[PDB]
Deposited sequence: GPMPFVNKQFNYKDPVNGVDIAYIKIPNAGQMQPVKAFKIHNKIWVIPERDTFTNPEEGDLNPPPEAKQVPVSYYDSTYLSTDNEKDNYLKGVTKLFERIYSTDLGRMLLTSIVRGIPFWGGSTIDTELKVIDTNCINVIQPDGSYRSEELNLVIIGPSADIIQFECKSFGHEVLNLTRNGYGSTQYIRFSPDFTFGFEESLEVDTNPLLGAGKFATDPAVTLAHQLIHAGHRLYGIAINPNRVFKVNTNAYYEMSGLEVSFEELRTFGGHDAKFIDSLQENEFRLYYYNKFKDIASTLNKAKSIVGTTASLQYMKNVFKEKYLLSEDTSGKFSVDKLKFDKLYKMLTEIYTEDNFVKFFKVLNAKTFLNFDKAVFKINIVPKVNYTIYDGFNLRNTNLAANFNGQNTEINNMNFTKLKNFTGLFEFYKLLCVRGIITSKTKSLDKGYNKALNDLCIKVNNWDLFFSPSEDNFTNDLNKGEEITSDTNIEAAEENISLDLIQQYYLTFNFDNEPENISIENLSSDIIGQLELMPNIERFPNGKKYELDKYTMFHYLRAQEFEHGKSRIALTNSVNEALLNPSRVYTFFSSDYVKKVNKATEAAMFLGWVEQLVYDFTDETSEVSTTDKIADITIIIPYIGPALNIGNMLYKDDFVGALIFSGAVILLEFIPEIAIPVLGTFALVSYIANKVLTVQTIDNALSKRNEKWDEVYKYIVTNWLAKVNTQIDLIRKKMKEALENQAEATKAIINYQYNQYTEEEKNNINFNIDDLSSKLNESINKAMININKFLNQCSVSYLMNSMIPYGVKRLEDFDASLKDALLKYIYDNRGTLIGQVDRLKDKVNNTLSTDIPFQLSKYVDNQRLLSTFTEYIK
């Protein structure tokens, strides 16, 4: 029952079975490397990946910096035996952790079942292995055997934290996306992880720790395993399908590369960035590719290069693709079994669902970009357990994701140099001097990943304007509700945990297996250092003004952004002028503790203010200082912000106003069926049901647009407010500490100040503020949805209803002969149904108790 049923040490002797030197497909001539078979069809190679790609043999930083927020290099990592032993144990521990969850047990079983298809012949009737889905296993006597395998975990390439799933290609076959599948090579390290900021959780967890949290490497590995799952079943989305962004405006990222395959794999809100028209195209496409496999098995009359029988191999693929087989031996794809399998691989196996099973803190979206790299070590039980990861039960790390908090659990996280420099990739944003005064421009650099995600309109497609023929055939969809924990359990119960495919004997391949990694689209660098001359101070200027670097002078707060940007000893605050005065005053040692007491009260009071309002649709609270914290709406003052918000609604928050384009909806054409009452009536019922679906389709589309175009904007402001609050705490702490350090050693001894206590209390206050800010911003996001996007859908939908009503009434009259005895009842039904809107229910489209309880 454990996934890894053997203890593996790097220096264990080879046995040619599960501990051996192996060779993998290669462009040139690789030497054998020591590897471990930790489970049927899965090997681990504790080596840096200098093998799989011949253009990637050097382990040093590259000439051109990778265009990624966090990268890390160390040519000496994983070069010693002890590191390789620790690497191996880390990976096996992580597999056990994944396997210990119902969801991971199901994913790993799917991976073992997902043998690459035997499509290596070009003969129409022959089953044959593809050799790049194999390895050579050297035996203790120095001979070798060849074996099929599904999955290899290997150490990273030069960028130690670039984790990804690689595989060898085919001259004609695109194995990862044509339904065949291919052996997957994951570059992965258990020895490092990412740090991310998170503030969404403060309401459920008000004592959430300060600073960065670490991603649990189990989540990270599970993410790569999910890609490996798609690719083994040949249903990966082509990497030329990317979510393209606008990059022209000053506030927009210079560039961003996020694949559809990535959005899918993340799940949650991110996967909903992809509209139904594209979703359904994919699903129909993979369905047809599975049908071709079934067909190819029906045409197969022989098998070569193994003693395994044709019956055995056909059966392996029956099970892999969950094909149906009739009593005559003929394979087919059942639509319902396919939809289940495809839904499990693409919607059940997601990062977001793994996070739910691990009960860990994790980024909620790919747009919550990693901010740091940490050295970790998960092998010792005192650091990390298979059931609890870092959050060890019955310790202070059990609650509030404390185990993942890199400041609280600092013995487990060593922060490394990020080799992406802070302004390696940036835009230069300059307030024209004359705006401030002729005086010099106020120009600041802004890190690429601090800018706004603005998705290209090309990403959102629909066929809403497309007419539709309605027939007596109901052609009516089922509900298809969102992946619940109960649904997952029901997949779990179905699941085949019985009989993995066997390790069969195949004939020996050549000593060097020739292979080239799958051809990838080339990616153009995005431009860098682009300069914008602006006629206003931006949120980026307001935020930068709140920062300070290393120095000797006493920092002073100022209510002037301009003063702060110009003087490294001056820091902008949106707090009151009384706070400025109180925090900046020379304070004698006898009044120090009273002064800190007051500042913490004032800091809390200022950051906890909430105004209530009845004058805004779907917004019942306002946090006024967001106005001057970030120059929202370019009004410098809170009164200006509260009023502006009442006057214009949630739109004043946005850096850009989305297009939400809903065309005239395609009209329904009804097939007539003279001489048949039941079919004519069915056609009227079908019209009305499809009209109900039409409202649902428009709403679902609008939500996708809103999630991607609007909610993302609000999320970033939410993150900048947390940064702004942190900046105020750090500045206030630096000033208080400077004052303390002016005192004599007698006064300090008497006072016995603990700056850690102050940090804690301020962090507590920041959490309380963020509870209010998150609730507020949530309201704004949903209000904007409710009041500025959805009504465009509603108007078009009511237009459609009105037209349909006329169509259906004409149809009843034109068929009143046939309908004789049924004309009046159908009139009422048509009239009733089409006289009232189908209410928008947000809960129907998005699952997040955060955005839903606003509704």
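- Unmodelled regions of the deposited sequence, numbered from residue 1: 1-2, 440-450, 869-873.
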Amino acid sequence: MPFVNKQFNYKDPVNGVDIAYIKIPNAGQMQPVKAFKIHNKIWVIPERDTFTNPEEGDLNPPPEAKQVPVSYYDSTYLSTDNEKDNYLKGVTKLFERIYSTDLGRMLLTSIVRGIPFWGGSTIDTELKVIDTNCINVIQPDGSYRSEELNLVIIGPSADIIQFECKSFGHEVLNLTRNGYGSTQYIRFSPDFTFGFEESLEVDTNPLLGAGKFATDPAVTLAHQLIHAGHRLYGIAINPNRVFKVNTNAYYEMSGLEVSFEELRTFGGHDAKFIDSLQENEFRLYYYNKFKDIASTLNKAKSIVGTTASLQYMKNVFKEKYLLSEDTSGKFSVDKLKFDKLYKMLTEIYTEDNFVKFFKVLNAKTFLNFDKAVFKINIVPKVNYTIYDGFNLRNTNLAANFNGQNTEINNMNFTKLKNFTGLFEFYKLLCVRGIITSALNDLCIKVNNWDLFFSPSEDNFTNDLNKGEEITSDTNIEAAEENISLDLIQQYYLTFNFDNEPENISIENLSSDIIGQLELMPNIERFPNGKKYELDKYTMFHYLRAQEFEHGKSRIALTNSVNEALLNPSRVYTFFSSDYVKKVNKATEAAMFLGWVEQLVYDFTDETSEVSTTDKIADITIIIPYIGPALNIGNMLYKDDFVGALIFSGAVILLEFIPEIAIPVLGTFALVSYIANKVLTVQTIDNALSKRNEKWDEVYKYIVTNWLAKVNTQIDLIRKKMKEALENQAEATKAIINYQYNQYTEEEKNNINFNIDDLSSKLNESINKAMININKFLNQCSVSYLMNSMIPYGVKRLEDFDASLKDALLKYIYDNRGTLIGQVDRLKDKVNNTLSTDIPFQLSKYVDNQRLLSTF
From here on, numbers count along this sequence of modelled residues.
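- Of the two stretches examined, 678-686 and 645-653, the record assigns the greater average C-alpha temperature factor to 678-686.
- Looking at 284-292 and 468-476 together, the entry lists the larger mean B-factor for 468-476, computed on C-alpha atoms.
- Among 69, 32, 46, 821, the highest C-alpha B-factor in the deposited entry belongs to 821.
- As recorded in the entry, 434 carries the highest CA temperature factor of 434, 408, 153, 108.
- Among the modelled residues of its chain, residue 812 has a C-alpha B-factor that falls in the highest third, as given in the PDB entry.
- Ranked within its chain, residue 552 lands in the highest third, by CA B factor from the PDB record.
- Sorting the modelled residues of the chain by their CA temperature factor places residue 206 in the highest third.
- Among the modelled residues of the chain, residue 758 sits in the middle third by CA temperature factor in this PDB entry.
- Placement of the Cα temperature factor of residue 343 within the chain: lowest third of the modelled residues, per the deposited record.
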